[PDB]
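One structure is given here, and the rest of the page talks about it.
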Amino acid sequence: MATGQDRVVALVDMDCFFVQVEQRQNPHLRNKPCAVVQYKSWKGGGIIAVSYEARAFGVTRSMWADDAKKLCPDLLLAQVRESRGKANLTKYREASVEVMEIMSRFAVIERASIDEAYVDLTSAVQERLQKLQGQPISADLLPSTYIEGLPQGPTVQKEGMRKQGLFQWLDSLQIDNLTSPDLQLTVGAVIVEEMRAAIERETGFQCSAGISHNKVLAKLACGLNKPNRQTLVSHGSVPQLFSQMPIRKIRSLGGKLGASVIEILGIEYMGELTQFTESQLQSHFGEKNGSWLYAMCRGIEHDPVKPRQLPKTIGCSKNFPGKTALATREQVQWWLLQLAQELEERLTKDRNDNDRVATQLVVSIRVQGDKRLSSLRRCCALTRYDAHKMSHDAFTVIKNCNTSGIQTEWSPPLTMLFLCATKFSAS
DNA sequence: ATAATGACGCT
DNA sequence: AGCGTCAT
Ligand SMILES: Cc1cn([C@@H]2OC[C@H](OP(=O)(O)OP(=O)(O)OP(=O)(O)O)[C@H]2O)c(=O)[nH]c1=O
Ligand SMILES: [Ca+2]
Ligand SMILES: [Ca+2]
């Protein structure tokens, strides 16, 4: 009877990251309702991050800045920096690399996003156990940790609830048994208290964190108490936690697959997936799905913390929505070159920082109408990091899709240009 | 007219 | 390889 408590895994999530990045750069933005915005033209810009002060008014991501200034008129606005006509997030990627470095010290991480890392803390927690002489774990070692499920049984202050739940946990603790899963979860947690404290001391950035036995519980744990907090979710808390957890809130169940688990099976919460046999599930959703599903509703999952703190593709895209769609040869060529240019700037910096080289160029477009994010996608070779070579070669491998005899103009209008660098190798 | 960006499965 | 899914 295996129960998926082999590993200790954490998901670190920087809190309102871009907002934190701007606020470190611009002290006026601190302790204030503010938001990051890109492209001022259309309705003031689309809001891509929201400080917690501004959330309290109702302001959300993707929302237009002119609309959100209706909800919050005191909303300050850091514009994203524009470069060659495209929104340029270099500031954040640099900010992210600062944090991934600190995290790289404490253990072996997987860059999830600009904002997130998974951390496999298993070997690190074994190392620290013998380095405490099996002596207890002080509450003071966990000043921002929550214990999902606790406090239980037989208090109005939010932090007062936190101590009770941590005190119940530390009390129930089997610290003589140096292989107790619940004890590990607790040691990894103190480590995360530390790595989170190191991130803040050394960059100024606060973050939230989830600690558990796999990537999926960690991510879910990480959302339980934000910001500047961390949740520990132990095996035994899974049944109650999943008891009313909506299925779509689990990483990979947020799209169509998860939708139909609700549809086919007629449930609505994650715990309800227990009652089915694995063959039942494989039969509804496939061999690998019914398997992963059957273990997941039992809180067991085994996708590993792949050690890969760097991405595997480098991509530069630009959207031309509505009346801005490109419809001329001269337009398409100009953007292919603008994208090619930031691309070589990112590419060159990759060749010297991370010591490697992309070898294939992928070109993608998307036309007016087609609801697929990508209408076309074609692979051509990538030899020198030369912006002009890449533009021309991109145009080459997509020239055969301007279905208008008039070569001056371009139909259908293109609503997207994507240039992605892949197939890296040593350098 | 939610934009940029990225990992992976399927075939 | 080319498309579809999913997440951030
Ligand atoms: C959903 C979504 C997110 N992001 C960004 O990827 C990292 C971060 O993700 P996040 O949700 O964590 O944003 P955030 O303000 O840090 O929110 P909280 O950490 O306070 O929850 C957000 O900066 C996108 O680029 N596109 C997206 O479609
Ligand atoms: Ca975040
Ligand atoms: Ca994130």
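If you're wondering about the labels, chains in the structure tokens are A, B, ... by order shown, residues count from 1 in each chain, ligands from 1 in order shown.
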
Can I get the residues of chain A within 9 Å of ligand 3, each with the closest pair of atoms and their distance in Å to one decimal, using only C-alpha atoms and all ligand atoms, sorted chain first then ascending number, as CSV?
residue,atom,partner,partner_atom_place_in_ligand_line,distance
A:12,CA,ligand 3,1 (Ca),8.5
A:13,CA,ligand 3,1 (Ca),5.4
A:14,CA,ligand 3,1 (Ca),6.6
A:15,CA,ligand 3,1 (Ca),8.0
A:16,CA,ligand 3,1 (Ca),8.5
A:17,CA,ligand 3,1 (Ca),8.0
A:112,CA,ligand 3,1 (Ca),8.0
A:113,CA,ligand 3,1 (Ca),6.1
A:114,CA,ligand 3,1 (Ca),6.8
A:115,CA,ligand 3,1 (Ca),4.2
A:116,CA,ligand 3,1 (Ca),5.1
A:117,CA,ligand 3,1 (Ca),8.8

Residues from last step as file, N, CA and C atoms, as a PDB file, in the first residue's frame:
ATOM      1  N   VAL A  12       7.202  27.628  -5.042  1.00  0.00           N
ATOM      2  CA  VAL A  12       7.340  29.033  -4.670  1.00  0.00           C
ATOM      3  C   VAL A  12       6.696  29.912  -5.736  1.00  0.00           C
ATOM      4  N   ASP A  13       5.922  30.902  -5.298  1.00  0.00           N
ATOM      5  CA  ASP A  13       5.184  31.810  -6.162  1.00  0.00           C
ATOM      6  C   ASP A  13       5.430  33.217  -5.655  1.00  0.00           C
ATOM      7  N   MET A  14       6.091  34.045  -6.465  1.00  0.00           N
ATOM      8  CA  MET A  14       6.268  35.449  -6.108  1.00  0.00           C
ATOM      9  C   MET A  14       4.926  36.168  -6.133  1.00  0.00           C
ATOM     10  N   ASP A  15       4.692  36.990  -5.121  1.00  0.00           N
ATOM     11  CA  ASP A  15       3.429  37.697  -5.003  1.00  0.00           C
ATOM     12  C   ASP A  15       3.429  38.934  -5.871  1.00  0.00           C
ATOM     13  N   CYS A  16       2.317  39.149  -6.585  1.00  0.00           N
ATOM     14  CA  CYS A  16       2.164  40.224  -7.572  1.00  0.00           C
ATOM     15  C   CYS A  16       3.519  40.675  -8.102  1.00  0.00           C
ATOM     16  N   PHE A  17       4.133  39.827  -8.914  1.00  0.00           N
ATOM     17  CA  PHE A  17       5.560  39.920  -9.142  1.00  0.00           C
ATOM     18  C   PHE A  17       5.924  41.218  -9.828  1.00  0.00           C
ATOM     19  N   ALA A 112       9.108  26.860 -13.156  1.00  0.00           N
ATOM     20  CA  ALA A 112       7.775  26.658 -13.695  1.00  0.00           C
ATOM     21  C   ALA A 112       7.401  27.780 -14.657  1.00  0.00           C
ATOM     22  N   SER A 113       7.614  29.018 -14.234  1.00  0.00           N
ATOM     23  CA  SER A 113       7.243  30.210 -14.973  1.00  0.00           C
ATOM     24  C   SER A 113       8.234  31.306 -14.590  1.00  0.00           C
ATOM     25  N   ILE A 114       7.985  32.529 -15.052  1.00  0.00           N
ATOM     26  CA  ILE A 114       8.809  33.650 -14.613  1.00  0.00           C
ATOM     27  C   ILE A 114       8.723  33.828 -13.103  1.00  0.00           C
ATOM     28  N   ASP A 115       7.618  33.384 -12.526  1.00  0.00           N
ATOM     29  CA  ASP A 115       7.118  33.667 -11.191  1.00  0.00           C
ATOM     30  C   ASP A 115       7.274  32.478 -10.229  1.00  0.00           C
ATOM     31  N   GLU A 116       7.527  31.263 -10.735  1.00  0.00           N
ATOM     32  CA  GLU A 116       7.339  30.068  -9.925  1.00  0.00           C
ATOM     33  C   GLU A 116       8.483  29.076 -10.069  1.00  0.00           C
ATOM     34  N   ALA A 117       8.824  28.423  -8.969  1.00  0.00           N
ATOM     35  CA  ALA A 117       9.764  27.316  -8.967  1.00  0.00           C
ATOM     36  C   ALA A 117       9.184  26.158  -8.181  1.00  0.00           C
TER      37      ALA A 117
END

With 10 Å as the cut-off and only C-alpha atoms (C1' of nucleotides) counted, what is the closest atom pair between each nearby residue of chain B and chain A? Distances in Å to one decimal, ordered by chain and number, as a Markdown table.
| residue | atom | partner | partner_atom | distance |
| --- | --- | --- | --- | --- |
| B:1 | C1' | A:321 | CA | 5.7 |
| B:2 | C1' | A:62 | CA | 4.5 |
| B:3 | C1' | A:319 | CA | 7.0 |
| B:4 | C1' | A:317 | CA | 6.5 |
| B:5 | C1' | A:315 | CA | 6.7 |
| B:6 | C1' | A:313 | CA | 7.2 |
| B:7 | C1' | A:312 | CA | 8.5 |

- Message: Based on only C-alpha atoms (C1' of nucleotides), which of the residues in chain C come within 7 Å of chain A? I want them as a PyMOL selection string.
- Response: chain C and resi 2+6+8

Suppose we keep N, CA, C and O atoms (P, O5', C5', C4', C3', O3' and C1' of nucleotides); can you now write the selection as a PDB file, in the first residue's frame?
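result_18.pdb, written as the output of this step:
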ATOM      1  P    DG C   2       6.282  20.957 -40.658  1.00  0.00           P
ATOM      2  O5'  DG C   2       4.902  21.047 -39.906  1.00  0.00           O
ATOM      3  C5'  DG C   2       3.798  20.430 -40.494  1.00  0.00           C
ATOM      4  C4'  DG C   2       2.666  20.384 -39.524  1.00  0.00           C
ATOM      5  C3'  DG C   2       2.254  21.741 -38.985  1.00  0.00           C
ATOM      6  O3'  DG C   2       0.911  21.952 -39.316  1.00  0.00           O
ATOM      7  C1'  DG C   2       2.453  20.147 -37.249  1.00  0.00           C
ATOM      8  P    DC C   6      -7.083  20.864 -21.922  1.00  0.00           P
ATOM      9  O5'  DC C   6      -6.154  21.502 -20.810  1.00  0.00           O
ATOM     10  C5'  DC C   6      -4.944  20.870 -20.496  1.00  0.00           C
ATOM     11  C4'  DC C   6      -3.933  21.883 -20.020  1.00  0.00           C
ATOM     12  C3'  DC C   6      -4.506  23.102 -19.300  1.00  0.00           C
ATOM     13  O3'  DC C   6      -4.499  22.846 -17.888  1.00  0.00           O
ATOM     14  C1'  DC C   6      -2.586  23.584 -20.717  1.00  0.00           C
ATOM     15  P    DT C   8      -0.001  27.056 -13.559  1.00  0.00           P
ATOM     16  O5'  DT C   8       0.571  28.415 -14.171  1.00  0.00           O
ATOM     17  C5'  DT C   8       1.918  28.465 -14.570  1.00  0.00           C
ATOM     18  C4'  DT C   8       2.311  29.874 -14.945  1.00  0.00           C
ATOM     19  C3'  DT C   8       1.747  30.955 -14.040  1.00  0.00           C
ATOM     20  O3'  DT C   8       2.805  31.743 -13.556  1.00  0.00           O
ATOM     21  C1'  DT C   8       1.437  31.488 -16.316  1.00  0.00           C
TER      22       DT C   8
END

- Message: Let's see if you can do this: from backbone DSSP, list all alpha helix (DSSP H) residues in segment 226-387 of chain A, as an MDAnalysis selection string.
- Response: chainID A and resid 238:243 256:265 278:285 287:296 329:353 387

- Message: Could you go through segment 253-327 of chain A and tell me which residues DSSP, when run on the backbone, assigns to strand (DSSP E), listing them as an MDAnalysis selection string?
- Response: chainID A and resid 314:319 326:327

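Interatomic distance, atom CA of residue 413 of chain A to atom CA of residue 44 of chain A: 24.8 Å.
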